[PDB]
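In what follows, a structure is listed as structure tokens, so that the remarks can point back to it.
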Amino acid sequence: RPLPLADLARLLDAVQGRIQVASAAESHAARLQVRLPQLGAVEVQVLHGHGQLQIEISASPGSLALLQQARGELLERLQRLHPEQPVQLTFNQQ
Numbered sequence: 256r257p258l259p260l261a262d263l264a265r266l267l268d269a270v271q272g273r274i275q276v277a278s279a280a281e282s283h284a285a286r287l288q289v290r291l292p293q294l295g296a297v298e299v300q301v302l303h304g305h306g307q308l309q310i311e312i313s314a315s316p317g318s319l320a321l322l323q324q325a326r327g328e329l330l331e332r333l334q335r336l337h338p339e340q341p342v343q344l345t346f347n348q349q
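Sequential numbering from 256 applies to the sequence shown in PDB author numbering.
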């Protein structure tokens with residue numbers, strides 16, 4: 256299972272905002288809470304390290320299950336979003 260498009264879309268847009276904040280910031284890290292239309296409130300955290308860019312999504316238990324079912328699609332779109340380094344995608348509970 257793929258995520259609902261409107262959720263993928265908002266998520267991708269959010270992750271990319273955080274990537275930009277984290278580039279130009281001392282902590283090399285950025286985070287934001289996002290409402291996904293059906294998946295609810297989600298936290299996006301990114302950490303910009305030298306051999307990799309780490310992205311962690313934190314969500315409710317059921318939203319999580321949807322993310323994990325869609326982990327392959329999600330990794331792959333996030334990677335194409337940031338071709339400069341390998342992306343490492345992880346999930347967390349709210």
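In this text, a Cβ means the ideal position worked out from N, Cα and C, and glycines have one as well.
- Contact between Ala-314 and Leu-308 fails: their C-beta atoms lie close to 20 Å from each other, not under 8 Å.
- Checking the DSSP bridge columns, you'll see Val-299 partnered with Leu-287, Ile-312.
- Shortest Cα-Cα distance from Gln-349 to any of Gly-272, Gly-295, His-305 involves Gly-295.
- DSSP, read as helix, strand or coil, puts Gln-348 in strand.
- Ranked by how close their Cα comes to the Cα of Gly-317, the residues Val-297, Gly-327, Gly-304, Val-301 have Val-297 in first place.
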